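Worksheet: one structure, shown below.
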Amino acid sequence: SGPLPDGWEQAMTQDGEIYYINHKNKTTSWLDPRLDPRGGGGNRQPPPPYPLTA
């Protein structure tokens with residue numbers, strides 16, 4: 001399959017915090033597509049804005 005649905009993809013930070021990247025909004029998110037079984041979240045400080053290129 002390669003990339004995600006189309007326009008975004010899954011990646012990891014320098015601390016392996018597993019993050020998602022949306023090539024459409026040039027921003028990253030925690031949204032979990034087909035990789036994140038059960039899990040009762042509760043609070044996740046907003047993700048950092050990933051800039052596409054300097």
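Chain labels A, B, ... are given in the sequence in which chains occur in the structure tokens; within each chain residues are numbered consecutively from 1, and ligands are likewise numbered from 1 in the order shown.
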
DSSP strand (DSSP E) residues within chain A, listed as a ChimeraX atom specification = /A:8-11,19-22,27-29

Those residues with N, CA, C and O atoms, as a short mmCIF file (atom, residue, chain, number, x, y, z; two decimals), in the first residue's frame please?
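Output contents, as saved in selection-v7.cif:
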data_model
loop_
_atom_site.label_atom_id
_atom_site.label_comp_id
_atom_site.auth_asym_id
_atom_site.auth_seq_id
_atom_site.Cartn_x
_atom_site.Cartn_y
_atom_site.Cartn_z
N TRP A 8 -1.51 11.77 3.50
CA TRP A 8 -0.95 11.72 4.88
C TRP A 8 -0.20 10.41 5.10
O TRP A 8 -0.16 9.56 4.24
N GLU A 9 0.42 10.25 6.25
CA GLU A 9 1.18 9.00 6.50
C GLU A 9 1.53 8.89 7.99
O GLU A 9 1.40 9.82 8.74
N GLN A 10 1.99 7.74 8.40
CA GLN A 10 2.37 7.55 9.83
C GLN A 10 3.89 7.67 9.97
O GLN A 10 4.63 7.24 9.11
N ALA A 11 4.36 8.26 11.03
CA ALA A 11 5.83 8.40 11.21
C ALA A 11 6.17 8.42 12.70
O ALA A 11 5.33 8.17 13.54
N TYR A 19 3.83 9.51 15.47
CA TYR A 19 2.93 10.64 15.11
C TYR A 19 2.45 10.47 13.67
O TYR A 19 3.02 9.72 12.90
N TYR A 20 1.41 11.16 13.30
CA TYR A 20 0.89 11.05 11.91
C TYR A 20 1.14 12.36 11.18
O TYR A 20 1.21 13.41 11.77
N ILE A 21 1.31 12.30 9.89
CA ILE A 21 1.59 13.53 9.12
C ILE A 21 0.58 13.70 7.98
O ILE A 21 0.37 12.80 7.18
N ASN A 22 -0.04 14.85 7.90
CA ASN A 22 -1.04 15.09 6.82
C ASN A 22 -0.41 15.97 5.73
O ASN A 22 -0.24 17.16 5.90
N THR A 27 0.45 19.31 8.31
CA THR A 27 0.49 19.21 9.80
C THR A 27 0.48 17.74 10.22
O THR A 27 0.09 16.87 9.47
N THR A 28 0.91 17.46 11.42
CA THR A 28 0.92 16.05 11.89
C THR A 28 -0.16 15.86 12.95
O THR A 28 -0.62 16.80 13.57
N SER A 29 -0.59 14.64 13.17
CA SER A 29 -1.65 14.41 14.19
C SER A 29 -1.45 13.05 14.86
O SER A 29 -0.59 12.28 14.48
#

message = One number please: atom CA of residue A:51 to atom CA of residue A:30, in Å, one decimal.
response =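 Between atom CA of residue A:51 and atom CA of residue A:30 the gap is 16.0 Å.
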
Skipping near chain neighbours, those fewer than 2 positions away, what residues fall within 10 Å of stretch 34-40 of chain A using only C-alpha atoms, listed as a tab-separated table (two decimals) with N, CA and C atoms, in the first residue's frame?
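Listed below is the output, part-v9.tsv:
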chain	number	residue	atom	x	y	z
A	4	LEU	N	-0.37	6.44	3.50
A	4	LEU	CA	-1.71	6.18	4.08
A	4	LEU	C	-2.77	6.52	3.01
A	10	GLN	N	1.99	7.74	8.40
A	10	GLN	CA	2.37	7.55	9.83
A	10	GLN	C	3.89	7.67	9.97
A	31	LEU	N	-4.07	10.92	15.21
A	31	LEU	CA	-5.09	10.02	14.62
A	31	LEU	C	-4.45	8.67	14.28
A	32	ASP	N	-5.06	7.59	14.70
A	32	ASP	CA	-4.50	6.25	14.40
A	32	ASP	C	-5.40	5.53	13.39
A	42	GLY	N	-7.38	9.69	26.98
A	42	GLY	CA	-7.97	10.60	28.01
A	42	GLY	C	-7.49	12.03	27.75
A	43	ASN	N	-6.23	12.20	27.47
A	43	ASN	CA	-5.71	13.57	27.21
A	43	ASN	C	-4.38	13.48	26.46

inquiry  = I'd like the interatomic distance between atom CA of residue A:45 and atom CA of residue A:17, to a tenth of an Å.
reply    =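 Taking atom CA of residue A:45 and atom CA of residue A:17, their separation equals 12.2 Å.
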
task = Work out how far apart atom CA of residue A:50 and atom CA of residue A:6 are and give it in Å to one decimal.
result =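 Straight-line distance from atom CA of residue A:50 to atom CA of residue A:6 works out to 17.4 Å.
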